[PDB]
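J.: Please read through the structure below; I'll follow up with questions.
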Amino acid sequence: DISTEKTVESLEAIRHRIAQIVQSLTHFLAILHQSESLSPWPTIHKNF
Amino acid sequence: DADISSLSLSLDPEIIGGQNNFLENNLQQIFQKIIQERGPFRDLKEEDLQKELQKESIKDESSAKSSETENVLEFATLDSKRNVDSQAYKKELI
Amino acid sequence: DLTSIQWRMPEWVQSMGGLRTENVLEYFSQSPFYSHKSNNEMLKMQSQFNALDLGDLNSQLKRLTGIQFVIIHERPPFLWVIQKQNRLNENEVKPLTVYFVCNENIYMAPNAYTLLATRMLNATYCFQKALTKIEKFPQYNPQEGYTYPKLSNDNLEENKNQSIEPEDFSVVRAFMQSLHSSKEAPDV
Amino acid sequence: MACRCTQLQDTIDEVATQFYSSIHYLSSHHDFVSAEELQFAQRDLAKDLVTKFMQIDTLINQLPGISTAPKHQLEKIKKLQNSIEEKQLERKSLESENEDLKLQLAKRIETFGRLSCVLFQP
Amino acid sequence: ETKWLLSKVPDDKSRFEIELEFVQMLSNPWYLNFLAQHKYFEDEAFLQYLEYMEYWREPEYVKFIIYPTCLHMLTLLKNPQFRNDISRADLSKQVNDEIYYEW
């Protein structure tokens, strides 16, 4: 019976991590969108 | 029956017969064909008059070229489909 | 193969006019997804023996051991839930895939982990690919710093603090600002 | 519209279905204690259906191509093309025949446009 | 000289038959997407579209029945180059035909 709890819980953690990486990478792409030209390479490595 | 060609007007009795005139039509045209920039094109309007002059002098007095026939002329377009950076890295990354 | 792919012989449905109840397992019997030592098919063999002794489905099915394709959630007139299973007893069940009427298709239900792994792999692949045909163009220098070689740069074109003791707009920015003030200057 | 005899058929076979509609009122409504009024509805059908038939006859009255001679009505179309096919390029030739003058005449309008501009600024 | 011999096992009577017979199957906008695999698209597949050009001609034109095929024909005539032979245009493309079906 525990498995449903495993679903809601562990997938809550998973969807949380997804909510992190996705929208944070929107913030990332936006940082790229700051570009009049050159990208901040070290910053990009920080992103990675 | 050339009126069957005029039945395009009968098609205009069956349709609006396209938007025809439009400033936007002049905008895609601002993109389309030689040259570009309507002001610069206006500077080119005399040169455009030159385009209507001897630039169009080419005519028809040569071999029919059977090798060109027929749908293979499109196959040449397929040959175009085959035989024919800053930001861009970041672009494709996006 | 078992995912979003065509497998259709519509004319059967054209004859049937669509599904009813047990006839879903008919077109499903046409499907590869149908199992031969399923209780649906070994008791199809019973139909080739007893014939009459099958009832609807689940009565003859679940009481007898083996692979089965039980019905639980109809979704008229398109989907119909039909899970694969393996009875180990007249009472016990060991359910498998939920085969489902994808309409002129029926599929095994994918693992979440499969698509999740697809996402992880493709994403980290985008990371690595970002590291591929992009990296090592800004060559490092202690002095010059990262460098960006070109046939022509244009387009466009931890150190020191103390030193010797455009504005591409010709102050055009403030001029435009003044235009904002001035367009309604008579008006305001 | 056309083939309006088929539209009459819409008042035939479909009216024939209307007889089927008339049929379904006597299944068991009698001794299970109106149908008497339903007989007046039968009178209403005696009106409706028959008048529809009269309408059918009225559209029969004016079948297009009363001459009913396609063998010769197509010949009528032949004469009509004897007119039209002649008129085709002739009527459109007038277009170019006009513009050959009138385009340059419009630029003449532009030249008196020059002089109008001269009048603009004394 | 022996292009027919290039076939692994074909040659075939071919003729007019399966041509138009599949041209009506070309008609479906829903069919568009599947062509985004490997069966045919912008590769050597393009030749199919470049030789199926004959329909506008007399005789072949009569046997056309579902001008939705003529509208997919419009798609090839249009820059299918673009998303029309790529991303365009989901189920709505069928609606784009359904509207043509509606009118």
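The chains in the structure tokens are called A, B, ... from first to last as shown; in each chain the residues are counted from 1, and the ligands are counted from 1 in the order shown.
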Give the helix (DSSP H, G or I) residues of chain D, as DSSP finds them on the backbone, and put them as a PyMOL selection string.

T.: chain D and resi 4-9+13-23+35-60+70-120

J.: Do me a favour and pick out the residues of chain B within 12 Å of chain E, using only C-alpha atoms, as a PyMOL selection string.

T.: chain B and resi 14-15+69-83

J.: Limited to N, CA and C atoms, could you put the picked residues into a file as a PDB file, in the first residue's frame?

T.:
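Just written: result-v2.pdb:
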```
ATOM      1  N   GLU B  14     -17.201  32.859 -57.072  1.00  0.00           N
ATOM      2  CA  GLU B  14     -17.128  31.770 -56.106  1.00  0.00           C
ATOM      3  C   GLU B  14     -16.133  32.075 -54.987  1.00  0.00           C
ATOM      4  N   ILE B  15     -15.455  33.218 -55.085  1.00  0.00           N
ATOM      5  CA  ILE B  15     -14.444  33.603 -54.099  1.00  0.00           C
ATOM      6  C   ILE B  15     -14.185  35.108 -54.102  1.00  0.00           C
ATOM      7  N   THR B  69      13.831  18.634 -70.409  1.00  0.00           N
ATOM      8  CA  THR B  69      12.515  18.034 -70.223  1.00  0.00           C
ATOM      9  C   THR B  69      12.584  16.845 -69.268  1.00  0.00           C
ATOM     10  N   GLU B  70      11.610  16.734 -68.367  1.00  0.00           N
ATOM     11  CA  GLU B  70      10.532  17.711 -68.235  1.00  0.00           C
ATOM     12  C   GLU B  70      10.300  18.054 -66.768  1.00  0.00           C
ATOM     13  N   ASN B  71       9.838  17.068 -66.005  1.00  0.00           N
ATOM     14  CA  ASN B  71       9.641  17.230 -64.572  1.00  0.00           C
ATOM     15  C   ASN B  71      10.993  17.205 -63.878  1.00  0.00           C
ATOM     16  N   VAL B  72      12.011  16.805 -64.628  1.00  0.00           N
ATOM     17  CA  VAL B  72      13.378  16.759 -64.129  1.00  0.00           C
ATOM     18  C   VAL B  72      13.898  18.165 -63.854  1.00  0.00           C
ATOM     19  N   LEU B  73      13.242  19.159 -64.442  1.00  0.00           N
ATOM     20  CA  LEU B  73      13.579  20.544 -64.155  1.00  0.00           C
ATOM     21  C   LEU B  73      13.397  20.797 -62.665  1.00  0.00           C
ATOM     22  N   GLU B  74      12.396  20.143 -62.085  1.00  0.00           N
ATOM     23  CA  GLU B  74      12.223  20.139 -60.641  1.00  0.00           C
ATOM     24  C   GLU B  74      13.322  19.345 -59.944  1.00  0.00           C
ATOM     25  N   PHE B  75      13.833  18.322 -60.616  1.00  0.00           N
ATOM     26  CA  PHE B  75      14.893  17.513 -60.032  1.00  0.00           C
ATOM     27  C   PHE B  75      16.151  18.349 -59.886  1.00  0.00           C
ATOM     28  N   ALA B  76      16.306  19.331 -60.768  1.00  0.00           N
ATOM     29  CA  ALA B  76      17.379  20.300 -60.605  1.00  0.00           C
ATOM     30  C   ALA B  76      17.157  21.124 -59.343  1.00  0.00           C
ATOM     31  N   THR B  77      15.895  21.406 -59.037  1.00  0.00           N
ATOM     32  CA  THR B  77      15.578  22.104 -57.802  1.00  0.00           C
ATOM     33  C   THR B  77      15.903  21.216 -56.612  1.00  0.00           C
ATOM     34  N   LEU B  78      15.758  19.908 -56.792  1.00  0.00           N
ATOM     35  CA  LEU B  78      16.173  18.970 -55.761  1.00  0.00           C
ATOM     36  C   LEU B  78      17.685  19.002 -55.611  1.00  0.00           C
ATOM     37  N   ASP B  79      18.372  19.236 -56.726  1.00  0.00           N
ATOM     38  CA  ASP B  79      19.819  19.392 -56.693  1.00  0.00           C
ATOM     39  C   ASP B  79      20.164  20.643 -55.900  1.00  0.00           C
ATOM     40  N   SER B  80      19.298  21.650 -55.986  1.00  0.00           N
ATOM     41  CA  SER B  80      19.409  22.811 -55.115  1.00  0.00           C
ATOM     42  C   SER B  80      19.131  22.439 -53.659  1.00  0.00           C
ATOM     43  N   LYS B  81      18.241  21.474 -53.451  1.00  0.00           N
ATOM     44  CA  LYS B  81      17.893  21.042 -52.100  1.00  0.00           C
ATOM     45  C   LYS B  81      19.057  20.321 -51.443  1.00  0.00           C
ATOM     46  N   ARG B  82      19.905  19.720 -52.269  1.00  0.00           N
ATOM     47  CA  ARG B  82      21.050  18.980 -51.764  1.00  0.00           C
ATOM     48  C   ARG B  82      22.316  19.826 -51.769  1.00  0.00           C
ATOM     49  N   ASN B  83      22.864  20.040 -52.959  1.00  0.00           N
ATOM     50  CA  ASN B  83      24.156  20.696 -53.117  1.00  0.00           C
ATOM     51  C   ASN B  83      24.164  22.139 -52.624  1.00  0.00           C
TER      52      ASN B  83
END
```

J.: Using only C-alpha atoms, select each residue of chain E with any atom at most 12 Å away from an atom of chain C, and give the selection as a VMD selection string.

T.: chain E and resid 31 34 37

J.: For the selection just defined, write its residues with N, CA and C atoms to a file, as an mmCIF file, in the first residue's frame.

T.:
```
data_model
loop_
_atom_site.group_PDB
_atom_site.id
_atom_site.type_symbol
_atom_site.label_atom_id
_atom_site.label_comp_id
_atom_site.auth_asym_id
_atom_site.auth_seq_id
_atom_site.Cartn_x
_atom_site.Cartn_y
_atom_site.Cartn_z
ATOM 1 N N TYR E 31 -1.795 12.722 -42.367
ATOM 2 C CA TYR E 31 -0.751 11.983 -43.056
ATOM 3 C C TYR E 31 0.565 12.754 -43.127
ATOM 4 N N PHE E 34 3.593 11.849 -40.385
ATOM 5 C CA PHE E 34 4.275 10.574 -40.552
ATOM 6 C C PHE E 34 5.411 10.696 -41.556
ATOM 7 N N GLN E 37 9.565 11.109 -40.906
ATOM 8 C CA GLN E 37 10.399 10.043 -40.365
ATOM 9 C C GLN E 37 11.584 9.751 -41.279
#
```

J.: Which residues are near residue 6 (chain B)? Cut-off 12 Å, only C-alpha atoms, ignore same chain within fewer than 4 positions. Put them as a VMD selection string.

T.: (chain B and resid 1 to 2 10 to 13) or (chain D and resid 84 to 85 87 to 89 91 to 92)

J.: Next, write the just-selected residues to a file, as a JSON list (two decimals), in the first residue's frame, keeping C-alpha atoms as the atom set.

T.:
```
[["chain", "number", "residue", "atom", "x", "y", "z"],
["B", 1, "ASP", "CA", -12.82, 29.54, -74.66],
["B", 2, "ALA", "CA", -10.71, 32.36, -73.23],
["B", 10, "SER", "CA", -16.62, 33.28, -62.10],
["B", 11, "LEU", "CA", -14.21, 31.97, -59.50],
["B", 12, "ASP", "CA", -14.48, 35.50, -58.15],
["B", 13, "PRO", "CA", -18.19, 34.76, -58.20],
["D", 84, "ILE", "CA", -18.97, 34.81, -76.18],
["D", 85, "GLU", "CA", -15.82, 33.30, -77.67],
["D", 87, "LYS", "CA", -16.35, 38.71, -77.39],
["D", 88, "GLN", "CA", -13.59, 37.30, -75.14],
["D", 89, "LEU", "CA", -10.34, 38.98, -76.15],
["D", 91, "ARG", "CA", -13.72, 43.15, -74.69],
["D", 92, "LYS", "CA", -10.36, 42.78, -72.93]]
```

J.: If you take only C-alpha atoms and a cut-off of 8 Å, which residues of chain A touch chain C, and what are their nearest atom pairs and distances in Å to one decimal, in chain and number order, as a Markdown table?

T.:
```
| residue | atom | partner | partner_atom | distance |
| --- | --- | --- | --- | --- |
| A:37 | CA | C:156 | CA | 7.3 |
| A:41 | CA | C:138 | CA | 7.7 |
| A:48 | CA | C:127 | CA | 7.5 |
```

J.: Let me see the file: selected residues, N, CA, C and O atoms, as a compact mmCIF listing (two decimals), in the first residue's frame.

T.:
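Wrote it out as result01.txt, contents follow:
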```txt
# COMPACT_ATOMS: atom_id res chain seq x y z
N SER A 37 25.80 40.92 -27.29
CA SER A 37 26.75 40.17 -28.10
C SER A 37 27.33 38.98 -27.33
O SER A 37 26.75 37.90 -27.31
N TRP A 41 31.20 33.54 -20.43
CA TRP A 41 31.60 32.13 -20.40
C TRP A 41 31.76 31.53 -19.00
O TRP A 41 31.21 30.46 -18.73
N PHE A 48 26.39 25.52 -15.64
CA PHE A 48 26.57 24.10 -15.83
C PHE A 48 26.87 23.41 -14.51
O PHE A 48 26.59 22.23 -14.34
```

J.: Pick out the chain B residues within 10 Å of chain A. Count only C-alpha atoms. Give them as a count of residues only.

T.: 7

J.: Hey, which bits of chain C sit within 8 Å of chain B, and for each residue what's the closest pair of atoms and how far apart in Å (one decimal), counting only C-alpha atoms, rows by chain and increasing number, as CSV?

T.:
```
residue,atom,partner,partner_atom,distance
C:126,CA,B:93,CA,7.9
C:130,CA,B:93,CA,6.2
C:133,CA,B:89,CA,7.7
C:134,CA,B:89,CA,5.8
```

J.: Output N, CA, C and O atoms for every residue in that selection, as a short mmCIF file (atom, residue, chain, number, x, y, z; two decimals), in the first residue's frame.

T.:
```
data_model
loop_
_atom_site.label_atom_id
_atom_site.label_comp_id
_atom_site.auth_asym_id
_atom_site.auth_seq_id
_atom_site.Cartn_x
_atom_site.Cartn_y
_atom_site.Cartn_z
N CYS C 126 21.81 17.77 -24.00
CA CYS C 126 21.84 19.16 -24.44
C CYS C 126 22.96 19.91 -23.75
O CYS C 126 23.52 20.85 -24.30
N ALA C 130 26.04 21.30 -25.66
CA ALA C 130 26.41 22.69 -25.47
C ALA C 130 27.91 22.77 -25.26
O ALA C 130 28.55 23.75 -25.62
N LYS C 133 30.10 21.48 -29.94
CA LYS C 133 30.48 22.37 -31.02
C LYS C 133 30.35 23.83 -30.62
O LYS C 133 29.85 24.65 -31.39
N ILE C 134 30.80 24.15 -29.41
CA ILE C 134 30.71 25.50 -28.88
C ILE C 134 31.94 25.83 -28.03
O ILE C 134 32.48 26.94 -28.11
#
```

J.: Show me, as a PyMOL selection string, the residues that have an atom within 9 Å of region 23-27 of chain C when counting only C-alpha atoms, minus same-chain residues fewer than 6 positions from it.

T.: chain C and resi 9+12-13+16+34+40+69+80+101+104

J.: Export, as a PDB file, in the first residue's frame, the selected residues with C-alpha atoms.

T.:
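Full text of again_30.pdb as output:
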```pdb
ATOM      1  CA  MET C   9      -7.047  -2.504 -40.476  1.00  0.00           C
ATOM      2  CA  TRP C  12     -12.878  -4.637 -39.682  1.00  0.00           C
ATOM      3  CA  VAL C  13     -14.299  -1.757 -37.667  1.00  0.00           C
ATOM      4  CA  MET C  16     -18.402  -4.030 -36.895  1.00  0.00           C
ATOM      5  CA  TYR C  34      -2.903 -10.530 -27.906  1.00  0.00           C
ATOM      6  CA  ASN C  40      -8.446 -15.222 -23.313  1.00  0.00           C
ATOM      7  CA  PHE C  69      -6.950  -9.102 -20.542  1.00  0.00           C
ATOM      8  CA  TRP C  80     -11.623   1.114 -23.257  1.00  0.00           C
ATOM      9  CA  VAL C 101      -8.103   1.133 -26.928  1.00  0.00           C
ATOM     10  CA  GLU C 104      -7.490   1.245 -34.227  1.00  0.00           C
TER      11      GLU C 104
END
```

J.: Counting only C-alpha atoms, what is within 10 Å of residue 20 (chain E), bar same-chain residues fewer than 4 positions away, as a PDB file with N, CA, C and O atoms, in the first residue's frame?

T.:
```pdb
ATOM      1  N   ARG E  15       2.216   1.611 -63.604  1.00  0.00           N
ATOM      2  CA  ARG E  15       1.245   2.431 -64.338  1.00  0.00           C
ATOM      3  C   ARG E  15       0.476   3.414 -63.453  1.00  0.00           C
ATOM      4  O   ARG E  15       0.914   3.765 -62.360  1.00  0.00           O
ATOM      5  N   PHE E  16      -0.678   3.849 -63.944  1.00  0.00           N
ATOM      6  CA  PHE E  16      -1.474   4.885 -63.301  1.00  0.00           C
ATOM      7  C   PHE E  16      -2.002   4.503 -61.916  1.00  0.00           C
ATOM      8  O   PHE E  16      -2.273   5.369 -61.084  1.00  0.00           O
ATOM      9  N   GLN E  24      -4.763   9.954 -53.082  1.00  0.00           N
ATOM     10  CA  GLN E  24      -5.882  10.230 -52.193  1.00  0.00           C
ATOM     11  C   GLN E  24      -5.508  10.002 -50.729  1.00  0.00           C
ATOM     12  O   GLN E  24      -6.145  10.543 -49.826  1.00  0.00           O
ATOM     13  N   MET E  25      -4.485   9.183 -50.496  1.00  0.00           N
ATOM     14  CA  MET E  25      -3.978   8.983 -49.144  1.00  0.00           C
ATOM     15  C   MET E  25      -3.013  10.095 -48.754  1.00  0.00           C
ATOM     16  O   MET E  25      -2.761  10.335 -47.573  1.00  0.00           O
ATOM     17  N   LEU E  26      -2.476  10.772 -49.762  1.00  0.00           N
ATOM     18  CA  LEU E  26      -1.669  11.963 -49.541  1.00  0.00           C
ATOM     19  C   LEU E  26      -2.535  13.081 -48.987  1.00  0.00           C
ATOM     20  O   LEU E  26      -2.048  13.979 -48.303  1.00  0.00           O
ATOM     21  N   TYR E  52       5.283  13.734 -59.576  1.00  0.00           N
ATOM     22  CA  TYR E  52       3.832  13.632 -59.480  1.00  0.00           C
ATOM     23  C   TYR E  52       3.217  14.951 -59.938  1.00  0.00           C
ATOM     24  O   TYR E  52       2.073  15.263 -59.630  1.00  0.00           O
ATOM     25  N   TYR E  55      -0.336  15.783 -62.731  1.00  0.00           N
ATOM     26  CA  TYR E  55      -1.781  15.742 -62.522  1.00  0.00           C
ATOM     27  C   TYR E  55      -2.522  16.952 -63.086  1.00  0.00           C
ATOM     28  O   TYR E  55      -3.669  16.830 -63.517  1.00  0.00           O
ATOM     29  N   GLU E  60      -5.156  13.104 -66.714  1.00  0.00           N
ATOM     30  CA  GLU E  60      -4.815  12.782 -65.332  1.00  0.00           C
ATOM     31  C   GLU E  60      -5.685  13.575 -64.365  1.00  0.00           C
ATOM     32  O   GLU E  60      -6.013  13.110 -63.273  1.00  0.00           O
ATOM     33  N   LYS E  63      -9.330  12.222 -63.022  1.00  0.00           N
ATOM     34  CA  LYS E  63      -9.429  11.120 -62.084  1.00  0.00           C
ATOM     35  C   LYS E  63      -9.193  11.594 -60.662  1.00  0.00           C
ATOM     36  O   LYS E  63      -9.356  10.838 -59.707  1.00  0.00           O
ATOM     37  N   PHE E  64      -8.804  12.856 -60.534  1.00  0.00           N
ATOM     38  CA  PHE E  64      -8.779  13.509 -59.238  1.00  0.00           C
ATOM     39  C   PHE E  64     -10.206  13.562 -58.714  1.00  0.00           C
ATOM     40  O   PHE E  64     -11.144  13.799 -59.475  1.00  0.00           O
ATOM     41  N   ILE E  65     -10.376  13.326 -57.419  1.00  0.00           N
ATOM     42  CA  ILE E  65     -11.711  13.233 -56.851  1.00  0.00           C
ATOM     43  C   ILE E  65     -11.818  14.059 -55.573  1.00  0.00           C
ATOM     44  O   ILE E  65     -12.878  14.594 -55.248  1.00  0.00           O
ATOM     45  N   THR E  69      -6.373  16.507 -52.003  1.00  0.00           N
ATOM     46  CA  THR E  69      -5.116  16.067 -52.595  1.00  0.00           C
ATOM     47  C   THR E  69      -4.504  17.209 -53.382  1.00  0.00           C
ATOM     48  O   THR E  69      -3.287  17.315 -53.492  1.00  0.00           O
TER      49      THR E  69
END
```

J.: Excluding region 43-55 of chain D and residues on its chain fewer than 3 positions from it, collect all residues at most 8 Å away from it, counting only C-alpha atoms, and give them as a list in words.

T.: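 My list of contacting residues is residues 11, 15, 39, 40, 58 and 59 of chain D.
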